[PDB]
Structures are given as structure tokens and as C-alpha cells.
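Here are two versions of the same chain, shown separately as C-alpha cells and labelled structure 1 and structure 2.
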Structure 1
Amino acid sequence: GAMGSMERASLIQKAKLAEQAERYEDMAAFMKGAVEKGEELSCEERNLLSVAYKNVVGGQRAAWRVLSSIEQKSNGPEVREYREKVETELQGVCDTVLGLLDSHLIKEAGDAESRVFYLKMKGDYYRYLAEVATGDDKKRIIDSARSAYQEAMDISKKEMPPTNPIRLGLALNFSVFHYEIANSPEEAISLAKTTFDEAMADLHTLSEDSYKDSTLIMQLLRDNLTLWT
């Protein structure tokens, strides 16, 4: 790989520089290189990886949605061709993330937090593939996303408090999956409300290191429930 000759510690350092420069493609490449050194990631490093790839795929998703809207309103091959170009790049990034998860990061060992974190990522990037998939392949990608979200939920419900930001973010995203991907708005609503209510009931479990993240995601759950009711 292009990062193979660089020290792991220098890759992490350069990922943090790229974050500060808002150079998220660079940041993702540096963190992919660090992952490939084969050592487990710390919590901080985990979240350098995730923010980098989320920003890359987030921009591709926003571009795809713009072109897709132009395309469906148009009903010359140019809009379809360019939408397909962006779609191919987006699928490539998702396949890169999913391969790193399967090949290096997901394991039968580590924090409960660690396994939930990467399993949530797997559900998310299968969801992004599902947003652009068609026909025979869509409903298979859906099943893959569901099984990763569900394994993550099973672990988080047993090993993490109901205010844990990863547990909350997982449920927020799984709830969106139900609504936008699986056409089950009632499962989406039930999960968001249950997650919010169980966080309130055990609000005493907020952690002084992460309570701002917890309460932020609790509002996002309320936001989606407002949007959906």
C-alpha cells in the first residue's frame, strides 16, 4: 500500500493534521494505512477512522441525491452517466470500509464498546449501499445491514448503559434504517421512543466524559420522532 512505508504513529499524526485541514480523503487514507499495521485501534483512533470515512461518503451521498433528483425529474444520457459515475465511487468507498471492518477491525474480542462500534459501522455502510442499490441486490444488502445493526443492539443492550453515546447512536441509526430502508416506520418510531425513554429512565448513568454526546443524540431521537409523528 501507499502508506506501507510510513510509521503507524506518523499515520495517526497525519490523520489529525488532515482533520484540522478538513482534508477528509487524505484523513481516511492515513487511517486505512494505520488500520493495516494490524494493531487494534484506540477509542480516539476509532473515531478518527469513522469521521474521516463518514465525511467522504457523506459528500458522495449528497452529490448522488442531487443528481438522482435531477434524473428522476428529467423523466440525453448525460445525467444518468454522471449519476452512475458518482454512484460507482460511493460504492467503492463503502466496499473499502466494509472490507477493512471484515478484514481487520471486527473481532470476537475487545471491549463490548469496540465490537458495537464496528458493527454499527458495518450496518451504516451497508445502509449507504442500500440507498443506491436496485432489485435483486438491494434486499440482500438490506439483510446484511439489519443483521449487523441487530448484533450491535444485542451487545449494547447487555453490556452498555442506556445513555452510552454509541448505544444511543446505534439505535438512532437503526431506527432510521427501519424507516428509510426497510419501510417500517412503526419499528422506527417504536425503537426511537423506547431508546429515548430508557435513556431518561436511567439518566443517572450519564458519564462525565460523554454526557454532552449522550444528550445531543437524545435530542436527535426526539427530532426524528417529531419529524415522523
Structure 2
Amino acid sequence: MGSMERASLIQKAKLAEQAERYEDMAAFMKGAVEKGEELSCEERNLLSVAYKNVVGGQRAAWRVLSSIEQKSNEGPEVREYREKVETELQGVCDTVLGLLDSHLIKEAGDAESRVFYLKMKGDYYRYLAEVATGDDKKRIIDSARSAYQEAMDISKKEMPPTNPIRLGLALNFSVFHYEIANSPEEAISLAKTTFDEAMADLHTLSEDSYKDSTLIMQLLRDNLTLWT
């Protein structure tokens, strides 16, 4: 989107969100990133929301088709169309990872921005891992783990236990442990420790920050209820 102003791309990305035009919103934010300037807190959220929606719809479709495909294995069309959706999903994940690698992460010097992008990197490698089956699945899983772990290390050094990004990072890393890494006990332990340390820090927060943190704390509890 090289001929459009950065501010216009950002403004149109907000309009696309309101219109629920998430593919447009992602293309706008991709153009904004490629302007080469760092992203503000709000702009990072727009980037993340845009691609989470796009890849979320692809993941849901992939799961529908993969389930039909496995039932048929109890012509080639079902596998072909699953492969087509799967290829588009991997393309979106590779696109996001390319934005993070060129050059969002290396220019993110603050903990809030660096943890945010590393959380994103873990998420989109996790999405790749969900459909991986061959020689690279283990390497893809380790790339997810490595990204999440570096984000965890920084967030524990640099952010309070109630920080929404720190909480969301831990939530997603615990889903990674349970769903991808076949480590349900690690998943449960991370969610428990994350919830308990946030609980003990709630007294420091304003009413608005209290609302933000307890919302994600509830997601951690929902998983623990499901896992234990």
C-alpha cells in the first residue's frame, strides 16, 4: 500500500474493523508496518486484532475440513480443499512472521512493545504447529516455545504480574503447553501461578486497570476449570 499515507492506512484500518472487514484491516495494517516506523500501543493492537480475525476464520475452516477429512478415513476433493485452506493459513502466518522479523521485533526496545511482538511470534508459530505434520513440526513447535519463553523472561523482569499483555502471554503460552507441546501439567502450573500472582497484585490497581486484569484472569480460571 505504498502510495497511501501512514495515517490514512491507520484510519482505514479502524474503519475496516467497524465494518468487520478484517482482510482489509490486515492489509491496511501490513501497509502501515511497511512504512518502517515503529507502532504505538494502539497501532500494535490494530495489527494484532486484524490478523487474529483473519487467521481465526482460517483456523475454524481448517478444523471443519480436517474433521470431515478424518471421518472420510474411517475422492480427493476433501483433502484438496483442506490443503488449499491450509496453504492460505500458512501464508497469513508467514506474512505476520515476516512483518515481525522485518523489522518490528529488532526495533522494539521497550518491554511492552517487545513482549507484544514476541507474544505474536509465539502465537503464529503455534498456528503453524496446529497444521504441521512433517519434518518441520518439531522445529515449528520449538520456534513457538522459544518466542513465548523470551517474552515470558522479559515480562517477568519488566512488567507487573497484572499487566494485561503479561497475563495474555501466559494464558496463550499455557494453551501452547496443553494443546501443542503435550505438557498439560506445565500448562496447569503456569496458569495457576499466573492467576495467583496477579490476584496478589490487584490491590495496586485502579478500577479500570482492575477490570482489564480480572477479565484475562477469568480466562485463565476457565482453562484451569476445564483442565483439572
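For residue numbers, the reference is structure 1: its sequence is counted from 1. Think of the rigid core as the biggest set of C-alphas that the two forms share within 1.5 Å after superposition.
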Please check if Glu22 moves between the two structures, taking a CA shift of 2 Å or more relative to the superposed core as movement. no
C-alpha of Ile12 off by 2 Å or more between the two structures on rigid core: no
Would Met218 count as moving between the two structures, using a Cα shift of 2 angstroms or more after superposing the core as the test? no
If the core is used for the superposition, what shift in Å does the C-alpha of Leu203 show between the two structures? 1.3
With the core fitted, just quote the Cα shift at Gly110 between the two structures, in angstrom to one decimal. 2.5
For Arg83, CA displacement between the two structures after the core is overlaid, in Å: 0.2
